[PDB]
file input.tsv (TSV, N, CA and C atoms)
chain	number	residue	atom	x	y	z
A	52	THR	N	101.16	110.31	108.91
A	52	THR	CA	99.75	110.36	108.54
A	52	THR	C	98.90	109.99	109.75
A	53	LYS	N	97.59	110.19	109.62
A	53	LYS	CA	96.68	109.87	110.71
A	53	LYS	C	96.70	108.37	111.02
A	54	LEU	N	96.50	107.54	110.00
A	54	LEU	CA	96.60	106.09	110.13
A	54	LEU	C	95.72	105.58	111.28
A	55	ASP	N	94.41	105.78	111.12
A	55	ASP	CA	93.40	105.38	112.10
A	55	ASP	C	93.57	106.15	113.42
A	56	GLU	N	93.49	107.48	113.30
A	56	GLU	CA	93.39	108.39	114.45
A	56	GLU	C	94.63	108.31	115.35
A	57	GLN	N	95.80	108.25	114.72
A	57	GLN	CA	97.08	108.31	115.43
A	57	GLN	C	98.00	109.24	114.64
A	58	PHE	N	99.28	109.25	114.99
A	58	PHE	CA	100.27	109.94	114.16
A	58	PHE	C	101.58	109.17	114.09
A	59	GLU	N	101.51	107.87	113.81
A	59	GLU	CA	102.74	107.12	113.61
A	59	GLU	C	103.51	107.66	112.41
A	60	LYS	N	104.82	107.79	112.59
A	60	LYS	CA	105.70	108.48	111.66
A	60	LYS	C	106.30	107.51	110.65
A	61	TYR	N	106.82	108.07	109.56
A	61	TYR	CA	107.56	107.28	108.59
A	61	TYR	C	108.92	106.88	109.16
A	62	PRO	N	109.39	105.67	108.88
A	62	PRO	CA	110.76	105.31	109.25
A	62	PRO	C	111.75	106.05	108.36
A	63	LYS	N	112.85	106.52	108.95
A	63	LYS	CA	113.85	107.32	108.25
A	63	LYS	C	115.24	106.79	108.61
A	64	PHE	N	115.73	105.85	107.80
A	64	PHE	CA	117.05	105.28	108.02
A	64	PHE	C	118.12	106.10	107.29
A	65	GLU	N	119.34	106.06	107.82
A	65	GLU	CA	120.46	106.76	107.22
A	65	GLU	C	121.62	105.79	107.04
A	66	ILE	N	122.20	105.77	105.84
A	66	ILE	CA	123.41	105.01	105.56
A	66	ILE	C	124.40	106.02	104.97
A	67	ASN	N	125.23	106.60	105.83
A	67	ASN	CA	126.15	107.65	105.40
A	67	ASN	C	127.27	107.04	104.57
A	68	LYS	N	127.38	107.47	103.31
A	68	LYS	CA	128.39	106.95	102.40
A	68	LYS	C	129.18	108.06	101.71
A	69	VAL	N	128.90	109.33	102.03
A	69	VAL	CA	129.57	110.45	101.37
A	69	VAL	C	130.71	111.00	102.20
A	70	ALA	N	130.87	110.56	103.45
A	70	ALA	CA	131.91	111.07	104.32
A	70	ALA	C	133.25	110.36	104.14
A	71	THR	N	133.28	109.22	103.45
A	71	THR	CA	134.52	108.47	103.31
A	71	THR	C	135.55	109.26	102.51
A	72	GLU	N	135.14	109.85	101.39
A	72	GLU	CA	136.08	110.61	100.57
A	72	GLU	C	136.54	111.87	101.28
A	73	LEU	N	135.65	112.52	102.03
A	73	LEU	CA	136.04	113.69	102.79
A	73	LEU	C	137.06	113.33	103.86
A	74	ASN	N	136.86	112.19	104.54
A	74	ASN	CA	137.84	111.74	105.52
A	74	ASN	C	139.16	111.39	104.85
A	75	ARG	N	139.11	110.83	103.64
A	75	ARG	CA	140.34	110.56	102.91
A	75	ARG	C	141.10	111.84	102.61
A	76	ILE	N	140.39	112.88	102.17
A	76	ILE	CA	141.03	114.16	101.88
A	76	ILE	C	141.63	114.76	103.14
A	77	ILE	N	140.89	114.70	104.25
A	77	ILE	CA	141.37	115.26	105.51
A	77	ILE	C	142.62	114.52	105.98
A	78	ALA	N	142.62	113.19	105.87
A	78	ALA	CA	143.80	112.41	106.22
A	78	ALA	C	144.98	112.75	105.32
A	79	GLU	N	144.72	112.95	104.03
A	79	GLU	CA	145.78	113.33	103.11
A	79	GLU	C	146.41	114.66	103.51
A	80	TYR	N	145.59	115.62	103.94
A	80	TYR	CA	146.14	116.89	104.40
A	80	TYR	C	146.94	116.70	105.68
A	81	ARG	N	146.36	116.04	106.68
A	81	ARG	CA	147.02	115.92	107.97
A	81	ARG	C	148.29	115.08	107.91
A	82	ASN	N	148.42	114.22	106.89
A	82	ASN	CA	149.67	113.47	106.74
A	82	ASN	C	150.82	114.37	106.31
A	83	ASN	N	150.55	115.33	105.42
A	83	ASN	CA	151.58	116.22	104.88
A	83	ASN	C	151.15	117.66	105.16
A	84	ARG	N	151.51	118.17	106.33
A	84	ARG	CA	151.21	119.55	106.67
A	84	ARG	C	152.24	120.48	106.04
A	85	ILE	N	151.83	121.73	105.84
A	85	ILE	CA	152.69	122.74	105.22
A	85	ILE	C	152.71	123.98	106.09
A	86	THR	N	153.74	124.80	105.88
A	86	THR	CA	153.97	126.00	106.67
A	86	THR	C	154.69	127.02	105.80
A	87	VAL	N	154.56	128.30	106.15
A	87	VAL	CA	155.16	129.39	105.39
A	87	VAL	C	156.68	129.30	105.47
A	88	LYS	N	157.34	129.43	104.32
A	88	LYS	CA	158.79	129.40	104.23
A	88	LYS	C	159.27	130.66	103.53
A	89	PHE	N	160.34	131.25	104.05
A	89	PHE	CA	160.91	132.48	103.51
A	89	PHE	C	162.17	132.16	102.72
A	90	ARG	N	162.18	132.53	101.45
A	90	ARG	CA	163.35	132.24	100.62
A	90	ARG	C	164.26	133.46	100.54
A	91	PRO	N	165.57	133.26	100.54
A	91	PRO	CA	166.50	134.39	100.48
A	91	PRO	C	166.59	134.97	99.08
A	92	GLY	N	167.30	136.09	98.98
A	92	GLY	CA	167.52	136.77	97.73
A	92	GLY	C	168.98	136.75	97.30
A	93	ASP	N	169.29	137.62	96.33
A	93	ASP	CA	170.64	137.74	95.79
A	93	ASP	C	171.35	138.88	96.50
A	94	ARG	N	171.62	138.67	97.79
A	94	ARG	CA	172.32	139.65	98.61
A	94	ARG	C	173.39	138.94	99.42
A	95	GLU	N	174.26	139.74	100.04
A	95	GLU	CA	175.38	139.17	100.78
A	95	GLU	C	174.95	138.60	102.13
A	96	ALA	N	173.89	139.15	102.73
A	96	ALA	CA	173.49	138.75	104.08
A	96	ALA	C	172.01	138.42	104.18
A	97	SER	N	171.37	138.05	103.07
A	97	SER	CA	169.94	137.74	103.10
A	97	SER	C	169.66	136.39	103.74
A	98	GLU	N	170.64	135.49	103.77
A	98	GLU	CA	170.42	134.18	104.37
A	98	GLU	C	170.16	134.29	105.87
A	99	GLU	N	170.91	135.16	106.55
A	99	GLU	CA	170.68	135.37	107.98
A	99	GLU	C	169.31	135.98	108.22
A	100	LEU	N	168.90	136.92	107.37
A	100	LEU	CA	167.57	137.51	107.50
A	100	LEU	C	166.48	136.45	107.35
A	101	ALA	N	166.62	135.59	106.34
A	101	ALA	CA	165.63	134.53	106.14
A	101	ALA	C	165.60	133.57	107.32
A	102	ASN	N	166.78	133.22	107.84
A	102	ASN	CA	166.84	132.31	108.98
A	102	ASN	C	166.16	132.92	110.20
B	81	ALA	N	66.89	110.13	83.27
B	81	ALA	CA	67.54	109.17	84.15
B	81	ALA	C	66.71	108.93	85.40
B	82	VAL	N	66.26	110.01	86.04
B	82	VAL	CA	65.48	109.88	87.27
B	82	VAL	C	64.17	109.16	86.99
B	83	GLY	N	63.51	109.51	85.88
B	83	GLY	CA	62.25	108.87	85.55
B	83	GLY	C	62.40	107.38	85.29
B	84	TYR	N	63.45	107.00	84.57
B	84	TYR	CA	63.64	105.58	84.27
B	84	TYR	C	64.00	104.79	85.52
B	85	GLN	N	64.82	105.37	86.40
B	85	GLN	CA	65.12	104.69	87.66
B	85	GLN	C	63.87	104.53	88.52
B	86	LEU	N	63.03	105.57	88.57
B	86	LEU	CA	61.79	105.48	89.32
B	86	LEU	C	60.86	104.43	88.74
B	87	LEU	N	60.78	104.36	87.41
B	87	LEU	CA	59.96	103.34	86.77
B	87	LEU	C	60.47	101.94	87.11
B	88	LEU	N	61.79	101.75	87.08
B	88	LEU	CA	62.35	100.45	87.42
B	88	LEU	C	62.06	100.06	88.86
B	89	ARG	N	62.18	101.00	89.80
B	89	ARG	CA	61.95	100.70	91.21
B	89	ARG	C	60.47	100.65	91.59
B	90	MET	N	59.58	101.14	90.73
B	90	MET	CA	58.15	101.16	91.04
B	90	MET	C	57.30	100.23	90.19
B	91	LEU	N	57.85	99.61	89.14
B	91	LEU	CA	57.04	98.78	88.26
B	91	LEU	C	56.53	97.52	88.95
B	92	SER	N	57.23	97.06	89.99
B	92	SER	CA	56.82	95.85	90.69
B	92	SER	C	55.55	96.04	91.51
B	93	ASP	N	55.12	97.28	91.73
B	93	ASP	CA	53.91	97.51	92.52
B	93	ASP	C	52.66	97.04	91.80
B	94	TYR	N	52.61	97.18	90.48
B	94	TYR	CA	51.44	96.79	89.70
B	94	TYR	C	51.57	95.38	89.12
B	95	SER	N	52.63	94.65	89.49
B	95	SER	CA	52.85	93.27	89.06
B	95	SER	C	52.95	93.17	87.54
B	96	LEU	N	53.98	93.81	86.99
B	96	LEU	CA	54.36	93.67	85.60
B	96	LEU	C	55.83	93.27	85.53
B	97	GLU	N	56.38	93.26	84.32
B	97	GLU	CA	57.78	92.91	84.12
B	97	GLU	C	58.38	93.84	83.07
B	98	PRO	N	59.50	94.49	83.37
B	98	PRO	CA	60.10	95.40	82.38
B	98	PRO	C	60.64	94.65	81.18
B	99	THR	N	60.66	95.35	80.04
B	99	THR	CA	61.15	94.78	78.80
B	99	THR	C	62.61	95.17	78.57
B	100	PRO	N	63.37	94.33	77.85
B	100	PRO	CA	64.80	94.62	77.66
B	100	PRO	C	65.08	95.96	77.01
B	101	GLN	N	64.21	96.45	76.13
B	101	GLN	CA	64.44	97.77	75.54
B	101	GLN	C	64.36	98.86	76.60
B	102	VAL	N	63.38	98.77	77.50
B	102	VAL	CA	63.28	99.73	78.60
B	102	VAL	C	64.50	99.61	79.51
B	103	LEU	N	64.95	98.38	79.75
B	103	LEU	CA	66.15	98.19	80.58
B	103	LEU	C	67.36	98.86	79.94
B	104	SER	N	67.53	98.70	78.63
B	104	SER	CA	68.65	99.32	77.93
B	104	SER	C	68.56	100.84	77.99
B	105	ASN	N	67.36	101.39	77.81
B	105	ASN	CA	67.19	102.83	77.91
B	105	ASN	C	67.56	103.33	79.30
B	106	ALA	N	67.11	102.62	80.34
B	106	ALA	CA	67.44	103.01	81.70
B	106	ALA	C	68.94	102.96	81.95
B	107	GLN	N	69.60	101.91	81.47
B	107	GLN	CA	71.04	101.80	81.67
B	107	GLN	C	71.78	102.92	80.95
B	108	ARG	N	71.36	103.25	79.72
B	108	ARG	CA	72.01	104.33	78.98
B	108	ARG	C	71.83	105.67	79.68
B	109	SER	N	70.61	105.94	80.17
B	109	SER	CA	70.37	107.20	80.87
B	109	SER	C	71.19	107.27	82.16
B	110	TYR	N	71.28	106.16	82.89
B	110	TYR	CA	72.08	106.14	84.10
B	110	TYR	C	73.56	106.36	83.80
B	111	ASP	N	74.05	105.79	82.70
B	111	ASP	CA	75.44	106.02	82.30
B	111	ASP	C	75.67	107.48	81.96
B	112	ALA	N	74.72	108.10	81.25
B	112	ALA	CA	74.85	109.53	80.95
B	112	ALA	C	74.86	110.35	82.23
B	113	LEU	N	74.02	109.97	83.20
B	113	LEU	CA	74.02	110.66	84.49
B	113	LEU	C	75.37	110.52	85.20
B	114	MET	N	75.93	109.31	85.22
B	114	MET	CA	77.16	109.07	85.97
B	114	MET	C	78.37	109.67	85.28
B	115	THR	N	78.31	109.85	83.95
B	115	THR	CA	79.44	110.45	83.24
B	115	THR	C	79.71	111.87	83.70
B	116	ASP	N	78.66	112.65	83.97
B	116	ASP	CA	78.81	114.06	84.30
B	116	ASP	C	79.36	114.32	85.70
B	117	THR	N	79.44	113.30	86.55
B	117	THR	CA	79.79	113.48	87.96
B	117	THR	C	80.98	112.61	88.35
B	118	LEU	N	82.04	112.66	87.55
B	118	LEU	CA	83.24	111.90	87.87
B	118	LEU	C	84.06	112.60	88.95
B	119	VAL	N	85.07	111.89	89.46
B	119	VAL	CA	85.89	112.41	90.54
B	119	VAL	C	87.35	112.49	90.13
B	120	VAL	N	87.96	111.35	89.82
B	120	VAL	CA	89.38	111.25	89.45
B	120	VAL	C	90.22	111.92	90.54
B	121	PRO	N	90.42	111.27	91.68
B	121	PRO	CA	91.03	111.95	92.84
B	121	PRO	C	92.41	112.53	92.57
B	122	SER	N	93.21	111.92	91.69
B	122	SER	CA	94.53	112.44	91.33
B	122	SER	C	95.45	112.53	92.56
B	123	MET	N	95.81	111.35	93.05
B	123	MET	CA	96.58	111.21	94.29
B	123	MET	C	97.79	112.13	94.33
B	124	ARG	N	98.14	112.55	95.54
B	124	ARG	CA	99.20	113.52	95.81
B	124	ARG	C	100.56	112.84	95.88
B	125	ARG	N	101.56	113.56	96.39
B	125	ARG	CA	102.85	112.98	96.71
B	125	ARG	C	102.76	112.19	98.01
B	126	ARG	N	103.91	111.78	98.53
B	126	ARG	CA	103.95	110.97	99.75
B	126	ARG	C	104.03	111.83	101.01
B	127	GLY	N	105.07	112.65	101.13
B	127	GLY	CA	105.23	113.48	102.30
B	127	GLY	C	106.64	113.50	102.84
B	128	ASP	N	107.34	112.37	102.72
B	128	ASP	CA	108.78	112.31	102.99
B	128	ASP	C	109.59	112.29	101.70
B	129	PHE	N	108.93	112.46	100.56
B	129	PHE	CA	109.62	112.42	99.27
B	129	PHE	C	110.44	113.69	99.09
B	130	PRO	N	111.75	113.59	98.91
B	130	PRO	CA	112.56	114.81	98.74
B	130	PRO	C	112.16	115.58	97.50
B	131	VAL	N	112.19	116.89	97.61
B	131	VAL	CA	112.04	117.76	96.46
B	131	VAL	C	113.44	118.02	95.91
B	132	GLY	N	113.52	118.30	94.61
B	132	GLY	CA	114.81	118.39	93.97
B	132	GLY	C	115.62	119.58	94.45
B	133	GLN	N	116.94	119.48	94.23
B	133	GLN	CA	117.82	120.61	94.49
B	133	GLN	C	117.70	121.69	93.43
B	134	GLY	N	117.09	121.37	92.29
B	134	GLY	CA	116.86	122.35	91.25
B	134	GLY	C	115.71	123.29	91.50
B	135	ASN	N	114.93	123.05	92.56
B	135	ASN	CA	113.84	123.95	92.92
B	135	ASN	C	114.29	125.11	93.80
B	136	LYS	N	115.54	125.10	94.27
B	136	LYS	CA	116.14	126.24	94.96
B	136	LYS	C	115.35	126.62	96.22
B	137	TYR	N	115.36	125.71	97.19
B	137	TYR	CA	114.71	125.96	98.46
B	137	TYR	C	115.53	126.92	99.33
B	138	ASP	N	114.92	127.38	100.42
B	138	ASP	CA	115.54	128.33	101.33
B	138	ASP	C	115.34	127.88	102.78
B	139	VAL	N	116.12	128.47	103.68
B	139	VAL	CA	116.11	128.02	105.08
B	139	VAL	C	114.77	128.33	105.75
B	140	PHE	N	114.29	129.56	105.63
B	140	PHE	CA	113.17	129.97	106.46
B	140	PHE	C	111.85	129.57	105.82
B	141	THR	N	111.90	129.11	104.57
B	141	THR	CA	110.74	128.62	103.85
B	141	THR	C	110.56	127.12	104.01
B	142	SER	N	111.57	126.42	104.53
B	142	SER	CA	111.54	124.97	104.77
B	142	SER	C	111.39	124.27	103.42
B	143	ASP	N	110.31	123.53	103.18
B	143	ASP	CA	110.04	122.77	101.96
B	143	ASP	C	111.25	122.06	101.37
B	144	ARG	N	112.08	121.46	102.22
B	144	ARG	CA	113.02	120.47	101.72
B	144	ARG	C	112.30	119.24	101.19
B	145	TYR	N	111.05	119.03	101.61
B	145	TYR	CA	110.25	117.88	101.24
B	145	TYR	C	108.83	118.35	100.98
B	146	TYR	N	108.06	117.53	100.28
B	146	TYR	CA	106.68	117.88	100.00
B	146	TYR	C	105.89	117.97	101.30
B	147	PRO	N	105.01	118.96	101.44
B	147	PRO	CA	104.33	119.17	102.73
B	147	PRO	C	103.48	117.99	103.13
B	148	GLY	N	103.43	117.74	104.44
B	148	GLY	CA	102.65	116.66	105.00
B	148	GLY	C	102.12	117.04	106.37
B	149	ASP	N	101.43	116.10	107.00
B	149	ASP	CA	100.85	116.35	108.31
B	149	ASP	C	101.94	116.43	109.37
B	150	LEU	N	101.61	117.12	110.47
B	150	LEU	CA	102.59	117.43	111.49
B	150	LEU	C	102.05	117.07	112.87
B	151	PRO	N	102.89	116.55	113.77
B	151	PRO	CA	102.38	116.01	115.03
B	151	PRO	C	101.88	117.08	115.98
B	152	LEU	N	101.03	116.65	116.90
B	152	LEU	CA	100.51	117.48	117.99
B	152	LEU	C	101.21	117.09	119.28
B	153	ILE	N	101.75	118.08	119.98
B	153	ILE	CA	102.52	117.86	121.20
B	153	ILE	C	101.79	118.51	122.36
B	154	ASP	N	101.55	117.74	123.42
B	154	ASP	CA	100.92	118.24	124.63
B	154	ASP	C	101.72	117.74	125.83
B	155	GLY	N	101.99	118.64	126.77
B	155	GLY	CA	102.77	118.32	127.95
B	155	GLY	C	101.98	117.97	129.19
B	156	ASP	N	100.67	117.82	129.09
B	156	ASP	CA	99.82	117.56	130.24
B	156	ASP	C	99.26	116.15	130.27
B	157	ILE	N	98.92	115.59	129.11
B	157	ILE	CA	98.42	114.23	129.05
B	157	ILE	C	99.54	113.30	128.61
B	158	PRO	N	100.07	112.46	129.49
B	158	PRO	CA	101.20	111.60	129.09
B	158	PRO	C	100.78	110.47	128.17
B	159	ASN	N	100.52	110.81	126.90
B	159	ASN	CA	100.17	109.78	125.93
B	159	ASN	C	101.32	108.81	125.71
B	160	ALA	N	102.55	109.32	125.70
B	160	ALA	CA	103.73	108.48	125.52
B	160	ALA	C	103.88	107.48	126.66
call {"tool": "encode", "arguments": {"input": "input.tsv", "output": "structure tokens"}}
result
Amino acid sequence: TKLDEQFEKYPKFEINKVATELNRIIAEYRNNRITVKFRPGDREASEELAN
Amino acid sequence: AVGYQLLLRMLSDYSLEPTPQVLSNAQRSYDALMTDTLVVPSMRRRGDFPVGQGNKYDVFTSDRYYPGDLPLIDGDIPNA
């Protein structure tokens, strides 16, 4: 506001409290990573193919 | 209203004294005058007050908050 012919601004404080759960989820993922796995079939030589 | 106010402000010239009935009439007329010219400013919002997420704002329209005054920036006069 003008506030006697100036433009002093409103104070705007931040207390971030919503990132804790997101960091928890990210840590949960990075603790147990996953990767594509190929499973064999009912054949005589499918195990070598999967390997 | 105007006549009674003028009478009140001018009666002292002839050295008399107003009577309570005339005073009451003047007050009533002045009240009737003042009733017709009210203001009721109806104060606005603040300016940093967030607007709800239910109003469905957009990026290029801004209005994440109620509109307010905005600073003036000049690069020639070092006010800072």
call {"tool": "atom_distance", "arguments": {"input": "input.tsv", "atom1": "atom N of residue 87 in chain B", "atom2": "atom N of residue 113 in chain B"}}
result
15.0 Å
call {"tool": "atom_distance", "arguments": {"input": "input.tsv", "atom1": "CA of residue 85 in chain B", "atom2": "CA of residue 97 in chain B"}}
result
14.3 Å
call {"tool": "axis_aligned_box", "arguments": {"input": "input.tsv", "around": "range 90-109 of chain B", "padding_each_side": "5 Å", "output": "lines of an AutoDock Vina configuration file"}}
result
center_x = 61.7
center_y = 100.1
center_z = 84.0
size_x = 30.6
size_y = 24.4
size_z = 27.0
call {"tool": "interface_residues", "arguments": {"input": "input.tsv", "of": "chain A", "to": "chain B", "cutoff": "8 Å", "atoms": "only N, CA and C atoms", "output": "MDAnalysis selection string"}}
result
chainID A and resid 52:53 58 61
call {"tool": "write_last_selection", "arguments": {"input": "input.tsv", "atoms": "N, CA and C atoms", "output": "PDB file, in the frame of the given file"}}
result
ATOM      1  N   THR A  52     101.160 110.310 108.910  1.00  0.00           N
ATOM      2  CA  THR A  52      99.750 110.360 108.540  1.00  0.00           C
ATOM      3  C   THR A  52      98.900 109.990 109.750  1.00  0.00           C
ATOM      4  N   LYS A  53      97.590 110.190 109.620  1.00  0.00           N
ATOM      5  CA  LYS A  53      96.680 109.870 110.710  1.00  0.00           C
ATOM      6  C   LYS A  53      96.700 108.370 111.020  1.00  0.00           C
ATOM      7  N   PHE A  58      99.280 109.250 114.990  1.00  0.00           N
ATOM      8  CA  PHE A  58     100.270 109.940 114.160  1.00  0.00           C
ATOM      9  C   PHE A  58     101.580 109.170 114.090  1.00  0.00           C
ATOM     10  N   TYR A  61     106.820 108.070 109.560  1.00  0.00           N
ATOM     11  CA  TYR A  61     107.560 107.280 108.590  1.00  0.00           C
ATOM     12  C   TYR A  61     108.920 106.880 109.160  1.00  0.00           C
TER      13      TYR A  61
END
call {"tool": "atom_distance", "arguments": {"input": "input.tsv", "atom1": "atom N of residue 60 in chain A", "atom2": "CA of residue 119 in chain B"}}
result
29.4 Å
call {"tool": "select_by_dssp", "arguments": {"input": "input.tsv", "residues": "range 90-134 of chain B", "states": "alpha helix (DSSP H)", "output": "list in words"}}
result
residues 90, 100, 101, 102, 103, 104, 105, 106, 107, 108, 109, 110, 111, 112, 113, 114 and 115 of chain B
call {"tool": "build_atoms", "arguments": {"input": "input.tsv", "residues": "range 93-111 of chain B", "atoms": "N, CA, C and O atoms", "output": "PDB file, in the frame of the given file"}}
result
ATOM      1  N   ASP B  93      55.120  97.280  91.730  1.00  0.00           N
ATOM      2  CA  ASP B  93      53.910  97.510  92.520  1.00  0.00           C
ATOM      3  C   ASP B  93      52.660  97.040  91.800  1.00  0.00           C
ATOM      4  O   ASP B  93      51.724  96.554  92.449  1.00  0.00           O
ATOM      5  N   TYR B  94      52.610  97.180  90.480  1.00  0.00           N
ATOM      6  CA  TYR B  94      51.440  96.790  89.700  1.00  0.00           C
ATOM      7  C   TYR B  94      51.570  95.380  89.120  1.00  0.00           C
ATOM      8  O   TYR B  94      50.715  94.962  88.344  1.00  0.00           O
ATOM      9  N   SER B  95      52.630  94.650  89.490  1.00  0.00           N
ATOM     10  CA  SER B  95      52.850  93.270  89.060  1.00  0.00           C
ATOM     11  C   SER B  95      52.950  93.170  87.540  1.00  0.00           C
ATOM     12  O   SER B  95      52.125  92.532  86.878  1.00  0.00           O
ATOM     13  N   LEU B  96      53.980  93.810  86.990  1.00  0.00           N
ATOM     14  CA  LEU B  96      54.360  93.670  85.600  1.00  0.00           C
ATOM     15  C   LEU B  96      55.830  93.270  85.530  1.00  0.00           C
ATOM     16  O   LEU B  96      56.459  92.976  86.553  1.00  0.00           O
ATOM     17  N   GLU B  97      56.380  93.260  84.320  1.00  0.00           N
ATOM     18  CA  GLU B  97      57.780  92.910  84.120  1.00  0.00           C
ATOM     19  C   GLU B  97      58.380  93.840  83.070  1.00  0.00           C
ATOM     20  O   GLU B  97      57.818  93.962  81.965  1.00  0.00           O
ATOM     21  N   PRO B  98      59.500  94.490  83.370  1.00  0.00           N
ATOM     22  CA  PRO B  98      60.100  95.400  82.380  1.00  0.00           C
ATOM     23  C   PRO B  98      60.640  94.650  81.180  1.00  0.00           C
ATOM     24  O   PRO B  98      61.014  93.480  81.253  1.00  0.00           O
ATOM     25  N   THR B  99      60.660  95.350  80.040  1.00  0.00           N
ATOM     26  CA  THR B  99      61.150  94.780  78.800  1.00  0.00           C
ATOM     27  C   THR B  99      62.610  95.170  78.570  1.00  0.00           C
ATOM     28  O   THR B  99      63.067  96.218  79.039  1.00  0.00           O
ATOM     29  N   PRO B 100      63.370  94.330  77.850  1.00  0.00           N
ATOM     30  CA  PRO B 100      64.800  94.620  77.660  1.00  0.00           C
ATOM     31  C   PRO B 100      65.080  95.960  77.010  1.00  0.00           C
ATOM     32  O   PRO B 100      66.112  96.568  77.312  1.00  0.00           O
ATOM     33  N   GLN B 101      64.210  96.450  76.130  1.00  0.00           N
ATOM     34  CA  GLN B 101      64.440  97.770  75.540  1.00  0.00           C
ATOM     35  C   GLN B 101      64.360  98.860  76.600  1.00  0.00           C
ATOM     36  O   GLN B 101      65.194  99.783  76.626  1.00  0.00           O
ATOM     37  N   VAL B 102      63.380  98.770  77.500  1.00  0.00           N
ATOM     38  CA  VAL B 102      63.280  99.730  78.600  1.00  0.00           C
ATOM     39  C   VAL B 102      64.500  99.610  79.510  1.00  0.00           C
ATOM     40  O   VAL B 102      65.030 100.616  79.996  1.00  0.00           O
ATOM     41  N   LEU B 103      64.950  98.380  79.750  1.00  0.00           N
ATOM     42  CA  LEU B 103      66.150  98.190  80.580  1.00  0.00           C
ATOM     43  C   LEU B 103      67.360  98.860  79.940  1.00  0.00           C
ATOM     44  O   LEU B 103      68.159  99.507  80.630  1.00  0.00           O
ATOM     45  N   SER B 104      67.530  98.700  78.630  1.00  0.00           N
ATOM     46  CA  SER B 104      68.650  99.320  77.930  1.00  0.00           C
ATOM     47  C   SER B 104      68.560 100.840  77.990  1.00  0.00           C
ATOM     48  O   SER B 104      69.577 101.516  78.187  1.00  0.00           O
ATOM     49  N   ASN B 105      67.360 101.390  77.810  1.00  0.00           N
ATOM     50  CA  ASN B 105      67.190 102.830  77.910  1.00  0.00           C
ATOM     51  C   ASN B 105      67.560 103.330  79.300  1.00  0.00           C
ATOM     52  O   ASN B 105      68.237 104.358  79.450  1.00  0.00           O
ATOM     53  N   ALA B 106      67.110 102.620  80.340  1.00  0.00           N
ATOM     54  CA  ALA B 106      67.440 103.010  81.700  1.00  0.00           C
ATOM     55  C   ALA B 106      68.940 102.960  81.950  1.00  0.00           C
ATOM     56  O   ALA B 106      69.500 103.876  82.565  1.00  0.00           O
ATOM     57  N   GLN B 107      69.600 101.910  81.470  1.00  0.00           N
ATOM     58  CA  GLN B 107      71.040 101.800  81.670  1.00  0.00           C
ATOM     59  C   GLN B 107      71.780 102.920  80.950  1.00  0.00           C
ATOM     60  O   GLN B 107      72.731 103.501  81.492  1.00  0.00           O
ATOM     61  N   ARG B 108      71.360 103.250  79.720  1.00  0.00           N
ATOM     62  CA  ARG B 108      72.010 104.330  78.980  1.00  0.00           C
ATOM     63  C   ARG B 108      71.830 105.670  79.680  1.00  0.00           C
ATOM     64  O   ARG B 108      72.773 106.457  79.787  1.00  0.00           O
ATOM     65  N   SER B 109      70.610 105.940  80.170  1.00  0.00           N
ATOM     66  CA  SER B 109      70.370 107.200  80.870  1.00  0.00           C
ATOM     67  C   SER B 109      71.190 107.270  82.160  1.00  0.00           C
ATOM     68  O   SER B 109      71.731 108.327  82.500  1.00  0.00           O
ATOM     69  N   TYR B 110      71.280 106.160  82.890  1.00  0.00           N
ATOM     70  CA  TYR B 110      72.080 106.140  84.100  1.00  0.00           C
ATOM     71  C   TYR B 110      73.560 106.360  83.800  1.00  0.00           C
ATOM     72  O   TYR B 110      74.260 107.043  84.552  1.00  0.00           O
ATOM     73  N   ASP B 111      74.050 105.790  82.700  1.00  0.00           N
ATOM     74  CA  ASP B 111      75.440 106.020  82.300  1.00  0.00           C
ATOM     75  C   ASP B 111      75.670 107.480  81.960  1.00  0.00           C
ATOM     76  O   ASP B 111      76.707 108.058  82.314  1.00  0.00           O
TER      77      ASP B 111
END
